[PDB]
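Report on the structure given below.
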Amino acid sequence: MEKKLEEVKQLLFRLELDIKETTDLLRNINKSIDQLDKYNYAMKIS
Amino acid sequence: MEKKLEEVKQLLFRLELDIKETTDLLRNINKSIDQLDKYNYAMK
Amino acid sequence: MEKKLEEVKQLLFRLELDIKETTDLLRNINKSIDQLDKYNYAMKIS
Amino acid sequence: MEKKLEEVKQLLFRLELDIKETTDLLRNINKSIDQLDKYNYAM
Numbered sequence: 001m002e003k004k005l006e007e008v009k010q011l012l013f014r015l016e017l018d019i020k021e022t023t024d025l026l027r028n029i030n031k032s033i034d035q036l037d038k039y040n041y042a043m044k045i046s
Numbered sequence: 001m002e003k004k005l006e007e008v009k010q011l012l013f014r015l016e017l018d019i020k021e022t023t024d025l026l027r028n029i030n031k032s033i034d035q036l037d038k039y040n041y042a043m044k
Numbered sequence: 001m002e003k004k005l006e007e008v009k010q011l012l013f014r015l016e017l018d019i020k021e022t023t024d025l026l027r028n029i030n031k032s033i034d035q036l037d038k039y040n041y042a043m044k045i046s
Numbered sequence: 001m002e003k004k005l006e007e008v009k010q011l012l013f014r015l016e017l018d019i020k021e022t023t024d025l026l027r028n029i030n031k032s033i034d035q036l037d038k039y040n041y042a043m
């Protein structure tokens, strides 16, 4: 079982990395949309 | 096996916290996107 | 920008579903760990 | 943003593969747990 638990641990590390890389990409996208927000605020509201 | 179970239990929980942060970010992005639609509605 | 955000919306939604599947999986793993703990503890106090 | 979204697509693909691989492993672990219980009545 301990062998199998180690296999689980290694897959959890993979999922953890998947989420890390995905979140980093989301932060990039988030900044992009924030810029679009500020642009459209200036254009349409102010 | 006790220690190994603890190892996995700890890692599971840390990953749950990470995923929570991802979910928060998703919420924020969706709110920013909704803000854009709001400008189209309100400007006009 | 329109269809660019459309694609964003599609990806965000796909990710939302994948996150749900991941969190469910993590709870399922935790259940298995909990059961293994029950057996291990039973051995320890025997 | 085009290329960043493509990278997101690739990460979702990898995530989904990894979810499936983990699900498959867990199924096998749960079978072992069932065997533990099968032979647990008499310690």
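Chains K, J, L and M, in that order, are what the protein sequence lines are. Read in order, the letters of the first sequence correspond to residues 1 to 46 in PDB author numbering. Read in order, the letters of the second sequence correspond to residues 1 to 44 in PDB author numbering. Read in order, the letters of the third sequence correspond to residues 1 to 46 in PDB author numbering. Read in order, the letters of the fourth sequence correspond to residues 1 to 43 in PDB author numbering. The beta carbon of each residue, even a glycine, is placed where N, CA and C say it ideally should be.
Asked                                                                                                    : Found
For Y41/J, the three-state DSSP class (helix, strand or coil)                                            : helix
Within-8 Å CB hit, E7/M to chain A                                                                       : Among the chains of the structure shown, chain A does not appear; the protein chains present are K, J, L and M.
8 Å Cβ cutoff met for residue 46/J and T23/L                                                             : Nothing about residue 46/J can be read from this structure; chain J reaches only from 1 to 44.
DSSP state of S46/L mapped onto helix, strand, coil                                                      : coil
Amino acids of chain L, ordered along the chain, whose beta-carbon sits closer than 7 Å to that of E16/M : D18
Reduced DSSP category for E6/L - H, G, I as helix; E, B as strand; rest coil                             : helix
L26/M vs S32/L beta-carbon contact at 8 Å                                                                : yes
Neighbour flag for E2/J against chain L, beta carbons, 8 Å                                               : yes
Chain K residues whose Cβ lies nearer than 7 Å to that of residue 65/L                                   : This structure leaves residue 65/L out entirely; chain L is present only between 1 and 46.
Interface flag, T23/L vs chain M, CB-CB below 8 Å                                                        : no
Span separating the alpha-carbon of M1/K from that of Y39/K                                              : 56 Å
is_contact[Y39/L, chain M] using C-beta, thresh 8 Å                                                      : yes
Residue from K20/M, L12/M, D34/M, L11/M whose Cα sits closest to the Cα of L11/K                         : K20/M
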